[PDB]
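# Fold and contact review
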Amino acid sequence: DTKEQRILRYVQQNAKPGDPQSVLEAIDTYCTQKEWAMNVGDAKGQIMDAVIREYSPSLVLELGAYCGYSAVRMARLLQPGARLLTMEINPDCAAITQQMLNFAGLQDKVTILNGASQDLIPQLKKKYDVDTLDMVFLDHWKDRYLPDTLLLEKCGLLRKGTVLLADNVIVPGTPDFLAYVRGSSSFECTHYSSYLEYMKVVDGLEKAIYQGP
Ligand SMILES: Nc1ncnc2c1ncn2[C@@H]1O[C@H](CSCC[C@H](N)C(=O)O)[C@@H](O)[C@H]1O
Ligand SMILES: Cn1cc(-c2ccccc2)cc(O)c1=O
Ligand SMILES: [Cl-]
Ligand SMILES: [Mg+2]
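Residues numbered from 1 in each chain as written, not as in the entry; some residues may be left out. Chains lettered and ligands numbered in written order. Heavy atoms only, no water. Residues with missing side-chain atoms left out of burial classes, pairs and counts.

As deposited, the entry is annotated with X-ray crystallography as its determination method and 1.2600 Å as its resolution.

Here it is, written out as structure tokens:
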């Protein structure tokens, strides 16, 4: 099996069905004790939690699902009726994420789409009946953060106040995105220093709030 399948099995055997916090704790334990994996993790996850609670977003888009850790993390804090859409290019991972969400009992709040963000984003309004997004979590390949941000604006998916929250702005880093949002009068940016998941390595999240017209 793969590491991702091992993580899912560990959750199924070490967490409580329908209990998202137990799911997160199981993944974090596995990744600290058994095998590292690129989940956003608990340190950065606590910052994410605080941001989600501040904005209470009704519609969140996540780019990059992997095994579903961050989707579980965000969806467990959404208000009744609020929704998360997550995009995942790797079909094996999309299938694991669906199973992870099912186990957590969050399947009614989350829609996991198997495809590339750059292909799915232009379909959100017409196919998925999206108007604008309240929050976007960027956590896919780091060279897509900037192009997908520009694409989201082109497609009319950002509004005044839309919150972009970007993982890994230090490690691996996303230099073009970071320079762009920090230099743009159309974003108000804040940096949240933290640590790479499961490791004693500095990382951080960037929050970039869209201001533009
Ligand atoms: N263009 C793209 N569109 C959708 N998914 C992408 C993508 N490029 C990479 N990915 C996916 O982005 C993921 C990065 S890891 C995501 C970790 C997850 N957010 C968590 O914290 O739990 C990988 O699973 C990868 O397959
Ligand atoms: C995509 N991705 C990759 C890493 C990573 C991979 C290899 C060494 C260090 C970091 C961490 C992430 O949070 C992430 O989203
Ligand atoms: Cl952590
Ligand atoms: Mg990440």
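### So, the site of ligand 2
Put simply, the rule is: A single heavy atom is enough: if one lies within 4 Å of a molecule or strand, its residue is considered near that molecule or strand. Residue burial considers only the protein chains on display, and all accessible areas are found by Shrake-Rupley using a 1.4 Å probe.
Near ligand 2, the surroundings consist of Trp36, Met38, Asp139, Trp141, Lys142, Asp167, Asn168, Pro172 and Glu197. Contact with the protein chains covers 72% of the free accessible surface of ligand 2, which is 370 Å².

### Regarding the nonpolar core
For the record, the criterion: Within this scheme, the nonpolar core is defined by two criteria: the residues are buried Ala, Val, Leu, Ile, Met, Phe, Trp, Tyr or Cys, and they are joined through side-chain atoms within 4.5 Å. Each residue is assigned to one of three classes by its accessible area relative to the maximum for its type, calculated with a 1.4 Å probe on protein chains only: buried under 20%, partly exposed between the two thresholds, exposed over 50%. Residue contacts are defined here by distance: any two heavy atoms, one from each residue, within 4.5 Å place the two residues in contact.
In this structure, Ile7, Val11, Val23, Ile27, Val72, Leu84 and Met100 are the most contacted members of the largest nonpolar core, which totals 46 residues. Apart from residues no more than four positions distant in its own chain, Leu84 is found in contact with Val60, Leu61, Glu62, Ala71, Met74, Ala75, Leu78, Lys109, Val110 and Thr111. Of all hydrophobic cores here, the second largest spans 28 residues; its members include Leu59, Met87, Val130 and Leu151.

### So, the site of ligand 1
To keep it simple, the criterion reads: What qualifies as a polar contact is a pair of N or O atoms within 3.5 Å, subject to a donor-acceptor requirement within protein and to the restriction that residues adjacent in sequence count only when both atoms come from side chains. Working definition: helices are DSSP H or I runs of at least four residues, strands are E runs of at least two. Numbering for both runs from the N terminus.
Lining the immediate environment of ligand 1, one finds 21 residues, of which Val40, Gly64, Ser70, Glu88 and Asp139 sit closest. In the environment of ligand 1, a nitrogen atom lies 2.8 Å from a nitrogen or oxygen atom belonging to the side chain of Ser70. At 2.7 Å, a side-chain N or O of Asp139 approaches a nitrogen atom of ligand 1. Here ligand 1, which alone exposes 590 Å², has 97% of that area covered by the protein. Breaking the shell around ligand 1 down by element, the ones donating at least two residues are α4 (69-75), β2 (83-88) and α6 (117-120).

### Focus on the coordination of the magnesium ion (ligand 4)
Definition in use: Donors, by definition, are the N, O and S atoms found within 2.8 Å of a metal, the threshold being 3.2 Å for Na, K and Ca, and water is not counted, so a site can look incomplete.
Every protein donor of the magnesium ion (ligand 4) is listed here as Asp139 (OD), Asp167 (OD) and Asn168 (OD1), and their distances to the metal cover 2.1 Å. Sequence positions of the residues that donate to the magnesium ion (ligand 4) give the spacing D-x27-D-N. With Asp139 in the loop between β4 (135-138) and α8 (145-154) and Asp167 in the loop between β5 (163-166) and α9 (169-173), the pair connects residues that are 28 residues apart, well separated along the chain. Assessed through its relative accessible area of 0%, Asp167 is described here as buried.

### So, unusual backbone geometry
Across the junction of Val171 and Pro172, the peptide omega takes the value 0 degrees, indicating a cis bond. Here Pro172 is to be found in helix α9. The residue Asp129 is not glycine, and still its phi comes out positive at about 60 degrees. Considering the arrangement of structural elements, one finds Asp129 in the loop between α7 (124-128) and β4.

### Overview of the packing of helix α1 (residues 3-14) against helix α2 (residues 20-33)
Working note: a packed helix pair is described by the angle between its axes plus the distance between those axes. Threshold: Simply put, an axis is a line fit to the C-alpha atoms, just over the touching stretch for a helix, and the angle between two N-to-C directions goes from 0 to 180 degrees. Between 65 and 115 degrees an angle is taken as roughly perpendicular, under 35 as roughly parallel, over 145 as roughly antiparallel, and anywhere else as oblique. A crossing counts as left-handed when the near helix is turned anticlockwise from the far one by less than a right angle, and as right-handed when that turn is clockwise. Three residue categories are used. Nonpolar comprises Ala, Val, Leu, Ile, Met, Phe, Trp, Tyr, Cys and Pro, charged comprises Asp, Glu, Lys and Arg, and polar comprises the others, including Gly.
Following both chains from N to C, one finds α1 and α2 inclined at 130 degrees, their axes separated by 9 Å at the closest point. Our classification of the angle between α1 and α2 gives oblique. Here the hand of the crossing between α1 and α2 comes out right-handed. For the pair formed by α1 and α2, the contact residues are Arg6, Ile7, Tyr10, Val11 and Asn14 on the first element and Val23, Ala26, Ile27, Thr29, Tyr30 and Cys31 on the second. In the contact of α1 with α2, the residues fall into eight nonpolar, two polar and one charged.

### Regarding the pairing of strand β7 (residues 202-210)
Definition in use: Pairs of strands are assigned from DSSP output, requiring at least two bridges between the strands.
Across the nine residues of β7, eight count as buried, placing the element largely inside the fold. Note: strand β6 (residues 187-195) against β7, nine bridges, orientation antiparallel. If you follow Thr190 over to β7, its bridge partner there is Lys207. Linkage of β6 to β7, two consecutive antiparallel strands, is achieved through a turn of six residues, within which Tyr198 is found at a positive phi near 65 degrees.

### Regarding the sheet that holds β7
On the basis of which strands lie adjacent, the open sheet formed by seven strands has the order β3-β2-β1-β4-β5-β7-β6 and mixed pairing. Only two strands of the sheet have a single partner each, and these edge strands are β3 (110-114) and β6. Each strand axis lies, on average, 15 degrees off the axis of its neighbour in the sheet, ignoring direction. Lying over the sheet, α8 contacts β1 (59-63), β4, β5, β6 and β7, oriented at roughly 160 degrees with respect to β4. Along the sheet face, helix α10 (residues 175-183) touches β4, β5, β6 and β7 and points at about 135 degrees away from the line of β6.

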